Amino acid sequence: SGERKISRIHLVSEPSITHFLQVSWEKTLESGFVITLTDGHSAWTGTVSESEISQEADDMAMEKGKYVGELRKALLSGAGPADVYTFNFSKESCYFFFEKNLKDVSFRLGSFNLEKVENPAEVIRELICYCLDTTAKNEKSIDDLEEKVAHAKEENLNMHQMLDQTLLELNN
């Protein structure tokens, strides 16, 4: 039903260490998302609704589809080659804001309030369980694919073998 992405990010405030961003949504990012930041000790979580996303796009005067695309690149680690996003977090105000940096100019792409979680260990455990479940699934997919490749390669060798044989029978 629901989907998520966990990404490493660097905060301008705290550049020495890696933080993680966990973003989860229902069907598409457009209908709202839950966003969690953690440093492995504490965690801060907020929610952004569909209407809040649509309002942010309109406030900035960016087309709605483009804005949602920008959130994907910035928040889901989907950035291409020529897109740079910077991330900021105030632990005082619990304000998270990020910018898109172009060659000569940057602009604020979004900003939400992420409140400090009372059970960070619980959030971290659940995050790690998700990673481990994902890995078991991917390992199964790899196994299935390695079997498909083995079978296809066999089918091809045998067909090359029949081609050699046909050539022999054509000569005799």
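Numbers for residues come from their place in the sequence shown, where the first is 1.
- For the pair 153 to 161 and 5 to 13, the record assigns the higher mean C-alpha temperature factor to 153 to 161.
- Mean CA B-factor, 50 to 58 versus 135 to 143: the higher value falls on 50 to 58.
- The PDB entry assigns the greatest CA B-factor among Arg125, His41, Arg108, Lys66 to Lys66.
- When the modelled residues of the chain are ordered by C-alpha B-factor, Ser77 sits in the highest third.
- Residue-level temperature factors show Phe112 in the highest third of its chain, judged at the C-alpha atom.
- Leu29: CA B factor in the highest third of modelled residues in this chain (values from the PDB entry).
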